[PDB]
């Protein structure tokens, strides 16, 4: 259920984020900033339009979209992508494509926590957020 995602979530743990960002082109200077940072993800719905915002001292982004309906997105790291977000049995699956490249962001609730798995080819990163 989408509804179970809604609310504000605060990053508490991060695993292999640096390699994920490097895998995407994020430069060293910026990786150092982003990694010590502890972002908030806010997930909202308004009818059948979801909005996911990322709030932090590094960057601030927001996306709004319908599930299964493809959309343009400019990412935190300034990639210009084609995105699609679907719901695969409680798992929010965010697929991005740009320049023949693909990355996936999977969001699932485990133990009252929101676990985001980021995958870019072989670079995999897991980021755990606590409900606020």
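Positions refer to the first chain, counted from 1. Definition used throughout: the rigid core is the maximal C-alpha set that superposes within 1.5 Å between two forms.
With each structure aligned by its rigid core, the stretch whose Cα atoms sit farther from this model in 7 other deposited structures of this protein, between 89-97 and 76-84, is 89-97. Looking at 83-91 and 102-110 together, the entry lists the larger mean B-factor for 83-91, computed on C-alpha atoms.
When the modelled residues of the chain are ordered by their C-alpha B factor, residue 64 lands in the lowest third.
Among all modelled residues in its chain, residue 46 ranks in the highest third by Cα B-factor. Residue 29: CA B factor in the highest third of modelled residues in this chain (values from the PDB entry).
Among all modelled residues in its chain, residue 52 ranks in the lowest third by Cα B-factor.
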